Amino acid sequence: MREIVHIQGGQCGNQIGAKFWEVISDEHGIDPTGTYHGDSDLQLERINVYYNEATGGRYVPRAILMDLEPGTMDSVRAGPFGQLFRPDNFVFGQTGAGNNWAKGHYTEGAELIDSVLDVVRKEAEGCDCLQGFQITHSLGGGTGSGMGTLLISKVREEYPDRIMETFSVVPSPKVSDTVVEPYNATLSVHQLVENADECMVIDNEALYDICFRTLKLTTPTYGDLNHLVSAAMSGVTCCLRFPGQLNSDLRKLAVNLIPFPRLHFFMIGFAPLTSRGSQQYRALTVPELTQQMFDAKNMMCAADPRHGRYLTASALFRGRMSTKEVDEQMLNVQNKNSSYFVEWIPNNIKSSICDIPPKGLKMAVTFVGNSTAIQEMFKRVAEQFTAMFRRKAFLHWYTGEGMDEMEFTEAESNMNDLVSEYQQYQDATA
Amino acid sequence: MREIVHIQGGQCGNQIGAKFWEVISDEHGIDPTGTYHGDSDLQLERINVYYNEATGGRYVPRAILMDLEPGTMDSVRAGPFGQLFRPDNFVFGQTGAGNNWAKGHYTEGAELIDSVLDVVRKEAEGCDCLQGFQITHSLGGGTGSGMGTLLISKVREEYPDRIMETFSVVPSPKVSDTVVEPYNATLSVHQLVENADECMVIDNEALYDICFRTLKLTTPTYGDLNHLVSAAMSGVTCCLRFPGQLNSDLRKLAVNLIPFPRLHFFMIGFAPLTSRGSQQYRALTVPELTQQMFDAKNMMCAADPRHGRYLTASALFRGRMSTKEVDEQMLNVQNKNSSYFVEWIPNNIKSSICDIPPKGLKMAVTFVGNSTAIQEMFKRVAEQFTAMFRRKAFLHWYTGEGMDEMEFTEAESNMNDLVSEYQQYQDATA
Amino acid sequence: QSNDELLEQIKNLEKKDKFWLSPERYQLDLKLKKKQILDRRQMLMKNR
Amino acid sequence: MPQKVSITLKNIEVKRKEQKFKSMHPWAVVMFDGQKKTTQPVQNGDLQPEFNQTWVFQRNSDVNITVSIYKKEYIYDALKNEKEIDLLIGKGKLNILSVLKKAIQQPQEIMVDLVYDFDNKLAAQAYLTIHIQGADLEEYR
Amino acid sequence: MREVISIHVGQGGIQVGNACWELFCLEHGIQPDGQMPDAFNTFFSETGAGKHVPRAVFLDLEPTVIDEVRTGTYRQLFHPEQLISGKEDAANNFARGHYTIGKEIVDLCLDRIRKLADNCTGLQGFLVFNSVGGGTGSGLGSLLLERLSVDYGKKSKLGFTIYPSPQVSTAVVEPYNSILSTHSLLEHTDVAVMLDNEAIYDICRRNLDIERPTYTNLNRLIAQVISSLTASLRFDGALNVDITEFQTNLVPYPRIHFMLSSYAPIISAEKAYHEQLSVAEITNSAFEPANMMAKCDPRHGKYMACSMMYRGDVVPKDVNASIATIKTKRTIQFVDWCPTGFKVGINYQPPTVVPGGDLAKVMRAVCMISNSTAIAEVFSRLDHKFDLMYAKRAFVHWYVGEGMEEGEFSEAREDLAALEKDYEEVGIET
Amino acid sequence: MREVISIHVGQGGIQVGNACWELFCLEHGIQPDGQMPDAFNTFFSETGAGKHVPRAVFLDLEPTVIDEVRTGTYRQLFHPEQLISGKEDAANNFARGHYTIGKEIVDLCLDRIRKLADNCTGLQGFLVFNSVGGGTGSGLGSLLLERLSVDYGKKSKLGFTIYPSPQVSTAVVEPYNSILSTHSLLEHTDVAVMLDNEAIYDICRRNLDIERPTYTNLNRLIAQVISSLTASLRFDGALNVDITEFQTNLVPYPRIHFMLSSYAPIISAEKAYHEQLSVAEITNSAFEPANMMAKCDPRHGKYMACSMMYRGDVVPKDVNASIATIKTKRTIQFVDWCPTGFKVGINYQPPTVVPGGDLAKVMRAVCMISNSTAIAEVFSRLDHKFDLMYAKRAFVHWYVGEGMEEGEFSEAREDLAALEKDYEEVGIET
C-alpha cells in the first residue's frame, strides 16, 4: 500500500538510479536475478512499495527509464543489477538534444513523450493506493532538464492530488562541465517551482568536498557520489517500508516542512560518515549523530547554512534508540543555536524514529532542512545567466527551434522574484 | 452436434486454411496421419464439430478446397498435415482468372461451381445438426473474390435459416500487391453485404504492424500472419467444442452483436501477445488481458477504434478464472471509456468463459467488436475506386466478358450508401 | 457553461431517469468535477 | 481540357434479306473511348429502325467509334420458360480521324458498315451525325 | 499442367533463344544431351523414357544460324524437324518476308505449332522473340502473329522485340520495317517489351565493367530477365503471379501495352560480396533511370503501373517497407487516376548462374516490368527518322517491287500519330 | 545506432585520411584485410559475414594518390567504387575545381553519399578533410558543402581545414583560393578547426625531438586528435559528449565557429616514463601557447569557450582541481560575458599506439578544442597577402578564363572585412 513509482531521465538521473536500485535491492536481499535470499521476515512485508510481482516468483522494479539517446541505457543494462529493469520500460530516441533545452522540450521531447507517458499511465493506474512519484534528473543537461520538467507538468495535470518528489542536481560554478549550463538551469527552475511538491538540490561540488574532507579517500569517482546520493534517497522513505515508533510518510513531511506553497527547496545530508581508518575509533551515540547532522560541511549543497536562518528542520533517525534522548538532543540543538532559527515559528524541528537500521550500520540519520541560505545558489545562477544573456551569446541555438527571448525574460524575472520572496521571510520579525 | 463445415477458396484462403487446420489438429491431438494421440478425455467428446469418422479409426476434416488453378492445392498437399484432406474434395480448373473478377464470377467460375456445389451439398445434407458455414477468402484477388462470393449467394439461396461466416482480407492501400485491387474489392463488397450473416475483415498491414511492434520479431513471414489469423479463428468456436461457465455458440454472438441486419462487419484481435524475451517478465492476469484486448494497436485492422464509437463488443475468455473479476473488469473498461461507447444502448459488452485454455497458454481472450470506425476502410477503397474508374482504366478487361459499367455504378452507389448509413448511427443521440 | 447550468442539467436528468446512474449523468458529473478543480486552481493562483 | 464529341445515331438500314424478322425490337450500342451509350428498343422496328438519339462523349485518347446493333429474341429454355436474349445483328468501327477536319467546322453525316461477327458479311449500315466541340499549349508549358 | 511455347524467328531471335535455352537447361538440371543424369513441364515435355524436348521452334530463311545450331553441343536436344529453315534470305526487306518468301514457309511453322499445341493441356500462352530491324524477323513475326490471332483467338502472346537504338544503328533502312512491324503488332500482340541494345551496352559497361562486350553478354541478361518473369510458374512462392494476370494489372487500355523493363542487381563476383545486397538497395537500384533496359528516361513521364518480381529469401514486410520509400520520393510521380500502382510477386528460388558468364551468384534479385508515359519519345524519334527519307521516297522501289502497295507506308504513319496522340491524352490529369 | 561519414578530398585530405584509417582499424582490432581475426558501428558497417567496410569516400581529380591507395596493403579494405578519381587535375586553380571539372564529378560523389546515408539509421553528422591551399581540394570541398547544405539541411558538418602558415608556403597563389574557400565555408560549415603546418612542425621539433619530419608525422598527430574527439561515441565514459552537443557550447554566434586545437601529452618512449604524467601537468601543458596546433598566440586575445576532452583513468575531482588552477592564473583571461567557459568530457579508453610511430603509450591524455578571439590575426595576415597581389590584378587571368566573374574576388574581401569587424565587436566588454 501507499507505494510510489520511479521515473528517471537523462544520463545523470540514470546513473543515480543505477545505484539507488542496487542499494534498495541489497537492503531487501534481492539478488541481481530477482530472487529473494533475505534473512528477516520484515524484508518482505512491505516489498510492494518499490517492487512488482511476476510469475515465477521474481521481482521487478516499477521504474521508467527515458533518454533522448540510447547509449546510457544500453550501458546501464550491462552493469550489476541491470537485468531487474523490465525491457518494455526502456524508451529512447535516435537523435538526442545536445544539451539544448529547446530541443529537449519543444521539438524532440514533445513527440517522444507520448510513449513514455503511456507506460507511466499504465504503471500508475494499476497500483493499489498511489502515494506519489519521485523524479531524478539533472539541471545541467538539455534533454534531462527539458523532458523531465515537461513530464512533471504533464503528470501534475493528471494527478493534482498526489505528491511529487524531485531530486535535482543544479550546475555549480566551481565544477563546470558545460558552457550552456546557466541557460537550461534558469529555464528549468522556472517550470520546477510551479509543479513540484518537493525539490531537493544536490551539488557535485559539495559531494567532492565531503568525499575529500570527511571520508578522506584519495580518488573520488562518480560511484561514490552516486552511493552517497543513493543512501540519502533511501533514508527518506525508510519508515514507510519498516515499522517504527513514529511512522511518517512523505505527505507528513510535506505538511510539516513547507510553510508556504512556493518554498519547497530543501538541502539534505546524511550521517554518520567516517573514514575507513577511523571507523573503529568512533562510538555511535545520538549526540555523535546529531552533532554531525547539523554540521555545515555535511550538507549535500555548497550553500552555507550559517549564512541564514532555518525556517524548519526534519530528522529521520534509524535503529533502535530511546525517544527521550532524541527529543532532549533536538531541544538542545535548538537552544544553543537560537540565532540561526527563525523566531516567529516555535518548535520548528520534526523527528521520527525507525527501528530498522541500514545494513551494516547500527544507527543512521537523514536530515532535511528548509533554510533561507539556499538563496545564494539562485543568486549566482542568475548572475551567470544575466552575464551571458546581455550579449545574446549562444541564443541563436535556442531561438532557431521556436523559442524566443520573451520566455527568457519571464524566466529571469520569476526566478529573481522567487529569490526576493524567499529572503523576505528571513528579515521578517514578530 | 451443431457442427460446421469448412469451405475455402483462392490462394490466400488455402494458405489460411493450411494453418487453421494444423492449429485445430494440434489442439485436438490429431497426428498428421489422422490418428488420435491426445492426453485428455475432453479432446474427443466434441470432435464431430470439425472432423468426420472413417473406417480404420482415422479422422478426416470436412473441408472443401476450390481454386481456378491447381498449383496452390498441389502445393498444400505436400505440406505438414496435408494428407488429412480428402482427395475427392479437391476441385480445380485448368485456366485461372488472372485477378479478373469478371472471369472468376461470370465466364469461368459459373461453369465450374456446379462440381464444388455438388460436394458442398453432399457434406451439408449428411451432417447431424447443421450450425452453419465458415468461409475464408481474399478480396484482393479475382478468382477468390468472384467464385467465393457467388458461392455465398448460392449457399444462402438453399439454406436461408443457417448461419454464414466469412473471414475476408481486404486490400489495404499501404501494402499493395495488385493494381486492380479496388475494382474487385468494390465489386465483392457489394455482394458480400447482401448474403453474409457475419463478416470479419483482416488486413495484412495490421498484421505486419502487430508482428513488428508487439512480438518484435525481426523478419515476419506469411506463416506468422497465418498463425495469428488461425489463433483468432480458433478462439471464436472454442466454447462450442469445450465445456464452460457460459457457453455461447455462433448464433448467440449473431444475436448480440448485430443491431441491424446490414451492420455485420467486425474487426477482431487476440490476446495475449508477447515477445520471446519478455514472456517471462509478464504475469497473466485478467486485468493484463483486458488492457491488451482493448488496445488500439492490437486490432487485426488498420482502422483506429478511437476514431469512432463502439456499437457493441464481445469477449471470449479462455481458461479457468473467476467470473466476478471478469464482470467487474468489463464494467471498469466501460466506465473509464464512456466517450467511445454509444449511449442509447446500455450494457453493450458481451462476455463468455471457457474452462479449456489453448495448448501452452493458461489464459487467452478473443475480441469481436462492432464499431463505427470501420467506415474509414470503405472510404479509402471507394476513393481509389473512383480515382481509377473516372478514366475507365483497365475497364476493357472486365467489359470484354459480358459485364458493363452499370454494375460498377450500382456497386459504387450501394457501397457509398452503406458507408453513409453505417455512420448515421454514430451521430445518433437519445 | 456555468457550474449552476451543469448542476441544473444533472437535476433535470435525475427527474427524468428512474435509474440513479445514466451514462449521460456520469459524463456531466465528470465535467462538473473537472471544472471545480480548475476553479479551485484559479483561486489558488489568484491567492499567490 | 477533355474534348466533347457529340454523336447522333439517326437510323440503321438492315441489308440481310434472309432474316425476314417477324417483329424486330432493334436497339443500338455506341461506344467511344471506353464510354458506352445505348438506345431504347424500337417497337415494331422494320429493316430501317430510326433512333434519332444524341450523346455527348468525353474524348481522352481513343479515335474509334464502335456501333453495334442488337435485337431482342425470346427463346424457350429446357424448362419452357421464356428467356429474353440479345442477338447481335452487326458491328462497325469508325476512325474519327477520317472526319475530324470537317466535323469540327460543322456536323458530319457518316455511314458506318456493320458486319456480322460470324461471317464478316455486311449485315447493316448505321447513319451517324458527328459534331466535335488546342490553343493553350504555350500556357501549359 | 501449365505450359508455354516460345517462338524464335530471325538471327537475333535465334541467338537470344540459344541464350535462354542454355539457362533453362542449366536451371532444371538437364544435360545438353537432353538426359537427366515436376517443374520441367512448363518448358519441356517427357518422351516416356529419358530425354526431354523443348517446347520451342526456330525459324529463319537464311540457313547459316540453324546449321550452326544443328552442329553445336545442343544438336541432340531439339527435335530435328522443328528447326524450320529457308533457302533465300529476305535481306532486310520487310515486303519480302511478308509477301514473297515468308508465305511459303509459314504453313510449315503453323503445322508445327499445331503439333506442339495438341500435346499441351494447360497452355498458358505464347512467347515470341524477334529483332525488329530486319526483313525476315519483322515480316515473319507479323505474319505469324496475324495467323495465330485468328487460329487460336484469346490465347495470350508476349513479344520481346528489340527496337533500334536512338543513334546507334547497324542498317540504314531499319526505320521503315520497324514502323511497319509496329503497325502490325500494335493490334495483334498483348504485351510488347522494349529491348534496344544501347541501354544494355551502357549497363554492361557501368556495372559489369566490360569494355568490349559482344552479343552473347546482352543475350544472357535478356535470358535472365525471361527466367525471372517465368519463375513463378514452375517454383513454389509466397505470392504467385501468372501470365494471364497481366492485362488486368499493367494494361490500362487495349492500345497501350508497350512497357520497358529493368533488372537488379547486376554485379561481378570480384566486388559482389563486399556489400550486403539488401532488398531496399536492390529495389532502389531497379528504379534508377540509368538501369532501364531500354534507352528511355522515366523522369520525362508519369508511371501508369509497375509490376515487379522478386526471387530468393525476400520477406514481404521488407518489400512493403521499400515500396513506401519509393512512394515517398519526389522524383518519381505516378499518374493521378492510379492511387496504387504496384503489383508484387515473391518467389523462393534464387537466380541460377551460368558457368563462364558475367553475373555472380546472389540470394536476392528483383525484376520490374513498368508501364510509363515516357515511352512516346522512341516513337517520336523513329517517326522523325522515317519522315526524312519518306519525304523523297527513298528506298521505296525496293518495297514496291516486292508486291507491297504504295499507300501501305502512309497508314502506318497515321497509326503512329494516333498512338502518340493517345499517349498524350492519357497522361493529362483530370 | 550512431554513425558518422568522413569525406576526404584532395591530396592532403587523402593523405590524412590514410593516417586516420590506420589508427581506427588498429584501435578496433580490424586487420588491414578488413577481417577480424559493438563499438565498430560508428565508423564501419557489417557486411553480414566477415569483412567491415569504412564509412568513408575518397575524392581527387588527379589519379596518382588514389592509385597508390588501391595498390597498398589496404587495397582490400575500401569498396572499389567509392574511390572516385578524375583524369585532369585542377592545378591549384580554384575556378577549375568549382566551375569546370568538379561539376562533372560531383554528381557521382553525391550518389555515393546517398548510398552510404541510406544504410545509416542514427547519422550523427559528416566529417570533411581538405587542404585549403589547393585547387581541387578547396573547390570540391566548397561545392560538396554547398550541395550537402541543401540536400540534407540541418545535419551537422565538421571541417578540418589546413590553412597556410604565416610565412612558410609551398605555392605562390594559395592566398587567393584560401580566401575564396573561407568565403564559401563561412556560411556553410558548422565547425572549422585550424591546422596549419608550421605549428605542428614546431611541436614535433620541440617535443618529439625529430629534426627531419615528413607529412606522415603530422598526419599521425591529426589522426590522434580526431580519435580523441570521436572516442566518446564508441566507448563507455563517465561524462559523455556528442557531436550535436557543440554548437550549444562552443559557438556563441552563428558566424563565429573557427577555433584552434591543442593536444597533450606529446612525448617519446625514451623519456616518457621518467615522469608521472599527472593530470594537472598535462592540462597545464595543453594550455601552453607554444603547444597550440595552429600558429596563433592565445595571449593576444580573450577566450570565449573551452571544450576539452580527457581519456584514460582520470578522475573528475582531479579535473576540477586543475580547472580551478587555470582560472587562477593571471596570464589567461576569459571574456566578460562568460563566467564559466569549460566543458569537460571524461572517457575510460586510453589512447592507442601505432607501431613504428612517434608517440609512446600513456594512460592519460587531454585534447582541447578552444574558441578564442585571437584567431583574427590569421585572417588579417591572409587579407594583407591577398591585397598585395590583387592591387595589380596579378594571376587573375588564370581565374577569369575558367568561368569565374571579375567581381567574385571583391565580395570575399568584404566578407573577410565583416568577419574581422565582428570579431572585434564581440571581444569588447560591456
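Letters A, B, C, D, E and F mark the chains in the order given here, with residues in each chain numbered from 1 onward.
Following the convention adopted for this analysis, contacts are C-beta pairs under 8 Å (C-beta built on N, C-alpha and C of every residue); 3 or more make two chains touch, one makes a residue touch a chain.
Each chain and its UniProt protein: A, B = Tubulin beta chain; E, F = Tubulin alpha chain.
Enquirer: So which has more C-beta pairs touching, B-D or B-E?
Expert: By number of C-beta pairs in contact, B-E is the larger.
Enquirer: Return the distance between the CA-based centres of chain A (Tubulin beta chain) and chain D, expressed in whole Å.
Expert: 89
Enquirer: Using mean CA coordinates as chain centres, what's the gap between chain A (Tubulin beta chain) and chain B (Tubulin beta chain) in Å?
Expert: Centre separation, chain A (Tubulin beta chain) to chain B (Tubulin beta chain): 54 Å.
Enquirer: If you average the CA atoms of chain A (Tubulin beta chain) and of chain C, how many Å lie between those two points?
Expert: Each chain's C-alpha centroid was found; their separation is 38 Å.
Enquirer: Take the average of all CA coordinates in chain C, do the same for chain F (Tubulin alpha chain), and state the distance between these two points in whole angstrom.
Expert: Each chain reduced to its C-alpha mean, chain C and chain F (Tubulin alpha chain) end up 66 Å apart.
Enquirer: For chain F (Tubulin alpha chain), write out the residues touching at least two other chains, lowest number first.
Expert: Residues of chain F (Tubulin alpha chain) touching two or more partner chains: there are none.
Enquirer: What are the residues of chain D that contact at least two other chains?
Expert: Only 34, 60 qualify.
Enquirer: Two or more other chains in contact with one residue: find those residues in chain A (Tubulin beta chain).
Expert: none
Enquirer: How do the chains pair up in terms of touching? List each pair.
Expert: A-B, A-C, A-F, B-C, B-D, B-E, D-E, E-F
Enquirer: Touching chain D in the complex: which residues of chain B (Tubulin beta chain)?
Expert: 391-392, 395-396, 399, 404-405
Enquirer: Can you name the residues of chain C that touch chain A (Tubulin beta chain) in the complex?
Expert: Within the complex, chain C touches chain A (Tubulin beta chain) at residues 37, 41, 44, 48.
Enquirer: Can you list the chain A (Tubulin beta chain) residues touching chain C in their complex?
Expert: Counting only chain A (Tubulin beta chain), the residues touching chain C are 160, 261-262.
Enquirer: Once bound in the complex, which stretches of chain D touch chain B (Tubulin beta chain)?
Expert: Per the stated touch rule, the residues are 33-36, 60.
Enquirer: Which bits of chain B (Tubulin beta chain) are touching chain A (Tubulin beta chain) when the two form their complex?
Expert: For chain B (Tubulin beta chain) paired with chain A (Tubulin beta chain), touching residues are 277-278, 280-284, 287, 291.
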